[PDB]
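Notes for the one structure printed next.
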Amino acid sequence: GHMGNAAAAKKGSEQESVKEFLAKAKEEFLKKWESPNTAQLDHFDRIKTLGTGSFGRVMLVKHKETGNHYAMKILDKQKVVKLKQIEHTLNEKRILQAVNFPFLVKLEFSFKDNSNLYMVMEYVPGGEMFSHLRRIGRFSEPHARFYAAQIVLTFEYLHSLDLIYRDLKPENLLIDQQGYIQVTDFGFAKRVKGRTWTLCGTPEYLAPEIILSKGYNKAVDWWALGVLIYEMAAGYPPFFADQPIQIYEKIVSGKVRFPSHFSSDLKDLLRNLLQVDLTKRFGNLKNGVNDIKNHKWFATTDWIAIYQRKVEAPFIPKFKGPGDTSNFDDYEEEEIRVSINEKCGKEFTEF
Amino acid sequence: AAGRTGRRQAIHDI
Ligand SMILES: COc1ccc(C[NH3+])cc1O
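Those protein sequences? They're chains A and B, same order as listed.
If you use PDB author numbering, the first sequence corresponds to residues -2 to 33, 36 to 350, in order.
To convert a position in the second sequence, counted from 1, into PDB author numbering, add 11.
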């Protein structure tokens, strides 16, 4: 076979240890999920906007009492107007307050006022993978593989808890002071036992079954991993067009072309992740995540060493001190106005 | 190969 006796026994034992880990992780998650206003706005100085979206922004803030820096996501309650926008915001807070994994951002506080919802997370100063990737062009395969391995382990963890992530992309992956990944933005994450039906995500990263309005499962995350690995290694994603409608047509076609510099091992992995037929997509078969972890492209990956953060990272972001924002792009700054009248109080009672 | 090079916004219901 491909493995000798010693290698096969080591791999098997490793897989049983994964099961043991995930069983304990589920017990810990459920405790926080079943039995979870830990601060207020004037406890922080607002420093700089780190990113912006349709419903709000993320700001670097400094806790007045302790001097610790944090990333504060601010959502305008009125802007959270559409039905699925509201439910998704409750998903995000509840999931972040219950998960625990080395590559998932840690939530520290959450609260709300008359106008906004707030989630205060650890500040990850190394910037988004997105801007490093756009600046360098593309990552070499070993560099892309180091990041991909962290996503594989993170999705193995999330999916074991029946959590789908649903917004993988370089914009949502921050690089920490040791060069490892922190997944942020859980706005589209959801606990799903089987199928779900919401049309959501980012166009370039949508699996065909989402676009086709089919009920779908956690395999959409494995498709998105294929898109991410391709984009990291090529510098652009596999389904690339100026308008969403054209992107969708490419995704559903079932056709992918690869740069001539992609290794054959990489192309094989990507053909099995970017698989329109769900009965054939890696991550969705009887062997689950192990079809990915045991693929030849990952043969050099020490999964436990990655989890334990023992592997030397390919890139360490420069940091000039606490509160440094040099690894983030600049954004238009807008005052945080809080109305004297409570908005949407009933819609956000649970937050 | 024309496509979107800037930050990409997620879509909520379409
Ligand atoms: C720690 O959380 C965040 C930090 C930075 C961004 C911008 N990419 C979004 C976040 O949700």
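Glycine is no exception: its CB is placed at the ideal position from the N, C-alpha and C atoms.
Reduced DSSP secondary structure (H/G/I, E/B, other) of residue i
{"i": "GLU107/A", "result": "strand"}
{"i": "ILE46/A", "result": "strand"}
{"i": "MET71/A", "result": "strand"}
{"i": "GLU230/A", "result": "helix"}
{"i": "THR51/A", "result": "strand"}
{"i": "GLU64/A", "result": "coil"}
{"i": "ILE315/A", "result": "coil"}
{"i": "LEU59/A", "result": "strand"}
{"i": "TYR215/A", "result": "strand"}
{"i": "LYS76/A", "result": "coil"}
{"i": "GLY225/A", "result": "helix"}
{"i": "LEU277/A", "result": "coil"}
{"i": "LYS345/A", "result": "helix"}
{"i": "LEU284/A", "result": "coil"}
{"i": "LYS189/A", "result": "strand"}
{"i": "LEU162/A", "result": "strand"}
Beta-carbon proximity of residue i to residue j, cut-off 8 Å
{"i": "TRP222/A", "j": "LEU162/A", "result": "no"}
{"i": "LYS29/A", "j": "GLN96/A", "result": "yes"}
{"i": "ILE210/A", "j": "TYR164/A", "result": "no"}
{"i": "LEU227/A", "j": "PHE154/A", "result": "no"}
{"i": "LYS61/A", "j": "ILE73/A", "result": "no"}
{"i": "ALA12/B", "j": "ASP241/A", "result": "no"}
{"i": "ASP290/A", "j": "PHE297/A", "result": "no"}
{"i": "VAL57/A", "j": "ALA38/A", "result": "no"}
{"i": "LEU59/A", "j": "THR324/A", "result": "yes"}
{"i": "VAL104/A", "j": "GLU121/A", "result": "yes"}
{"i": "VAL182/A", "j": "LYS292/A", "result": "no"}
{"i": "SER109/A", "j": "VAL337/A", "result": "no"}
{"i": "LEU167/A", "j": "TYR215/A", "result": "no"}
{"i": "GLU25/A", "j": "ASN99/A", "result": "yes"}
{"i": "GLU127/A", "j": "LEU173/A", "result": "yes"}
{"i": "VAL310/A", "j": "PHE145/A", "result": "yes"}
{"i": "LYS213/A", "j": "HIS23/B", "result": "no"}
{"i": "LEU198/A", "j": "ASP112/A", "result": "no"}
{"i": "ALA22/A", "j": "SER130/A", "result": "no"}
{"i": "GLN176/A", "j": "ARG308/A", "result": "no"}
{"i": "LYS76/A", "j": "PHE347/A", "result": "yes"}
{"i": "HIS42/A", "j": "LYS63/A", "result": "yes"}
{"i": "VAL219/A", "j": "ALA206/A", "result": "yes"}
{"i": "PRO202/A", "j": "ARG19/B", "result": "yes"}
{"i": "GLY234/A", "j": "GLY136/A", "result": "yes"}
{"i": "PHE350/A", "j": "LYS92/A", "result": "yes"}
{"i": "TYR330/A", "j": "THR48/A", "result": "yes"}
{"i": "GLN149/A", "j": "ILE305/A", "result": "yes"}
Extent of the continuous beta strand (DSSP E) run through residue i
{"i": "residue 353/A", "result": "Past the boundaries of the shown model lies residue 353/A; chain A is included only from -2 to 350, so the question cannot be answered."}
{"i": "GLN181/A", "result": "180 to 182"}
{"i": "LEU172/A", "result": "172 to 174"}
Start and end residues, alpha helix (DSSP H) containing residue i
{"i": "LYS21/A", "result": "2 to 31"}
{"i": "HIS142/A", "result": "140 to 159"}
{"i": "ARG336/A", "result": "Neither: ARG336/A is in no alpha helix (DSSP H) and is coded neither H nor E."}
{"i": "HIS87/A", "result": "82 to 95"}
{"i": "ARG19/B", "result": "No alpha helix (DSSP H) contains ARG19/B, which DSSP labels as neither H nor E."}
{"i": "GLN245/A", "result": "243 to 252"}
{"i": "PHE129/A", "result": "128 to 135"}
{"i": "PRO207/A", "result": "207 to 210"}
{"i": "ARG270/A", "result": "263 to 272"}
{"i": "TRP302/A", "result": "302 to 306"}
{"i": "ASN289/A", "result": "289 to 292"}
Outcome for residue i when other beta-carbon atoms lying within 10 angstroms are tallied against a minimum of 16
{"i": "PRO236/A", "result": "buried"}
{"i": "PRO141/A", "result": "exposed"}
{"i": "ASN171/A", "result": "buried"}
{"i": "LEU265/A", "result": "buried"}
{"i": "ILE315/A", "result": "exposed"}
{"i": "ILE25/B", "result": "exposed"}
{"i": "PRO169/A", "result": "buried"}
{"i": "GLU208/A", "result": "buried"}
{"i": "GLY66/A", "result": "exposed"}
{"i": "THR278/A", "result": "exposed"}
{"i": "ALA5/A", "result": "exposed"}
{"i": "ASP184/A", "result": "buried"}
{"i": "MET0/A", "result": "exposed"}
{"i": "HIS260/A", "result": "exposed"}
{"i": "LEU27/A", "result": "exposed"}
{"i": "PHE102/A", "result": "buried"}
{"i": "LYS217/A", "result": "buried"}
{"i": "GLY55/A", "result": "buried"}
{"i": "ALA21/B", "result": "buried"}
{"i": "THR16/B", "result": "exposed"}
Residue i: CB within 7 Å of a non-hydrogen atom of ligand 2
{"i": "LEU162/A", "result": "Ligand 2 is not among the ligands present in this structure, which contains only ligand 1."}
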